[PDB]
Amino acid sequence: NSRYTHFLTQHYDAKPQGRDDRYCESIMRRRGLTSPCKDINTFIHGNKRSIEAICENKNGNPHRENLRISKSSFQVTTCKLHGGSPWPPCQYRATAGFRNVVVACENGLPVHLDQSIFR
C-alpha cells in the first residue's frame, strides 16, 4: 500500500489554516513536489476516514473508465503553478474549494487523484 502512502503525501493535509498562495508554496516544497515544479496539485482536507470511504459505496460511485467519485463534499486546496519556469523557485496560486473528489482505488484505498476536475 505504498501507493496509498504516496496519495496521502501528495493529496492530503488534515488541518491547514491559510490556504493562500504562501500555503501552496510551502506545502508543495514540504511534500517534495517542486523538482520539477508540479503544474497543478490539489490537497484534500479533513479526516482520512472520509477519503478512504470513497472506495466503498458508503461514500463513492463508479466514475468513467477506472475511477470513483465521492458522494460527500471535501474542503480542498488547489495549487496552480505560474511564472513560466518549470524549475524552482515554484510560485503557486492557491484556489480553495469545497466539492466532491475523483480518485482511483486499489484494495479499498485511494491511490490516484484525478486533477482534471480542478483544472
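Numbering starts at 1 and follows the sequence shown.
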Query raised in the report: 49-57 versus 63-71: which one carries the higher mean Cα B factor per the record?
Result: 49-57
Query raised in the report: Averaging C-alpha B-factors over each stretch, which comes out higher, 85-93 or 72-80?
Result: 85-93
Query raised in the report: How does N100 rank on Cα B-factor within its chain, lowest, middle or highest third?
Result: lowest
**Report entry** Lowest, middle or highest third - CA B-factor, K15
**Finding:** highest
Query - Third of chain Cα B-factors occupied by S35 - result: highest
Report task. Select lowest, middle or highest to describe the third in which the CA B-factor of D21 falls within its chain in this entry. Result -> lowest
